[PDB]
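Quick note: the coordinates plus some simple rules give every number you see, no bench work behind them. Because the Cβ atoms are built from the backbone with ideal geometry, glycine has one as well, and the counts that use them run over all protein chains shown.
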Amino acid sequence: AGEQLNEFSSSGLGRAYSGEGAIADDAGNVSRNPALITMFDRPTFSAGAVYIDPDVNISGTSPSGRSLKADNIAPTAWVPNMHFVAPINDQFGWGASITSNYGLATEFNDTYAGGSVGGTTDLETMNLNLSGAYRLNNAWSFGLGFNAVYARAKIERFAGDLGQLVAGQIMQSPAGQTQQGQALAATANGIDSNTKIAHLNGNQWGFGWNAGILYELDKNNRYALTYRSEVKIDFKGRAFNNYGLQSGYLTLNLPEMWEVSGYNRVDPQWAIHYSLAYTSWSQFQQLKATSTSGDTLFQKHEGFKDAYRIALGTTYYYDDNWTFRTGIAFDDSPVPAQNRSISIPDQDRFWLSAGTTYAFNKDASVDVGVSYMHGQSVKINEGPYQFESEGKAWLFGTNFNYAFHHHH
Ligand SMILES: CCCCCCCCOCCOCCOCCOCCO
Ligand SMILES: CCCCCCCCOCCOCCOCCOCCO
Ligand code: NA
Ligand code: NA
Ligand code: NI
Ligand code: NI
């Protein structure tokens, strides 16, 4: 939900990210549950990317009379992933990954009437993870990971029609009957809609941790509990070399997430897998801007917001070479209209997914996945404006998998 991204692997994409704490058919899942490291008996690599093509549209009419229509506000994106896992001994293993689990991009024309809450918002994050795991016995494994997150932001806001709203208010007041009041209203109305009123561009690192437990009933059936911590990102605004002769502030808290997962291989050729994930934020979505020495201070309201996601999928292990998968998911995000933001797509999301993997041999394989996401149409009440939003997306991904130390 919200800015969350689940796109850590292309096999996961084909399953609608169902039971991802409990499946370990490739290296990608260690990033989702570090305890899964104990399911690997040789160094294993995976890398790939997911292309996301959203279609998000805003509609409405301002109290000024101006249109709030904005089509196609969410651009396409590529989300890469790379994973490595290796055993150390019978009891221990480690892994590393580069993924993203948070990101946002919307863009409105700079003459948009709702520009004070529209403009541009681009948040990109890269999660570097190092994880370790311990196998206690045949049933129990435990994992712990540490995360370094590199976050880039670009945020711009514009006057839009605010001056027109002010002008109207002045004209409606007793001041509207005076020459001075009329002049003030004209001054307000004269403000260009593309006047920039807030700006942030920045790059910052933050840190967090994650952990996981894995319980195996047997080689065919297992369950997992995982936790991912919040990550706090604090954006803040030679000579040598000549041979002798970042703007804006914002504290952003990435959300914490708990997830339970199950995987049951009910037949040599069939598995089911499912999960419930619970995400909480310590901030609301809307932004307030002030300034200090001409630099923008952005602030989100400190408040508790949550969401949950349920997912169910199945994997058909057809033969030695071919695996097929499908899944369905629902991500429920119950944000009140008055707490939503046009700059941040947020709505209930329904997933339908399908995928396949082709294994060239026991060491090497390729995954291809596709998902369709249907977004709920929602009302948004932000600042002086009322909007409606509609959204959907297609996602396409491919990964290559390779396990080292071929021998026989
Ligand atoms: C309840 C909100 C108050 C009224 C809603 C605004 C609808 C009408 O406002 C139109 C704003 O246009 C700004 C032009 O300002 C007037 C300038 O010319 C008037 C000469 O005195
Ligand atoms: C590539 C990984 C290397 C980065 C490892 C650094 C990890 C250090 O950050 C751990 C602390 O993170 C803060 C957790 O957020 C608060 C909740 O947990 C705090 C309770 O101890
Ligand atoms: Na589009
Ligand atoms: Na319109
Ligand atoms: Ni709902
Ligand atoms: Ni050989």
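Per-structure values
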| quantity | calculated |
| --- | --- |
| Filter result for the condition that a residue is under 24 Å from residue 53 (Cα atoms) and surrounded by 24 or more Cβ atoms within 10 Å (Cβ to Cβ), over 2, 21, 14 | 14 |
| Tally, over segment 393-408, of residues that are closer than 17 Å to residue 106 by Cα and either hydroxyl-bearing (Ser, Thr, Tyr) or within 16 Å of ligand 5 (Cβ to nearest atom) (or both) | 0 |
| Qualifying residues in segment 333-346 (those that are buried (at least 20 other Cβ atoms within 10 Å of the Cβ) and closer than 15 Å to residue 306 by Cβ) - the one farthest from ligand 1 (Cβ to nearest atom) | 333 |
| Some residue of segment 286-299 being touching an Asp or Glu at 6+ places or on another chain (Cβ under 7 Å) and either of a type in the set (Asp, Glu) or buried (at least 17 other Cβ atoms within 10 Å of the Cβ) (or both) | yes |
| Hey, residue 368 more than 16 Å from ligand 1 (Cβ to nearest atom), within 25 Å of the chain's Cα centre (by Cα) and not in a strand (DSSP E or B) or not | no |
| Condition met for residue 37 (under 25 Å from residue 216 (Cα atoms), touching a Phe, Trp or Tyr at 6+ places or on another chain (Cβ under 6 Å) and crowded, with 24+ Cβ neighbours inside 10 Å) | no |
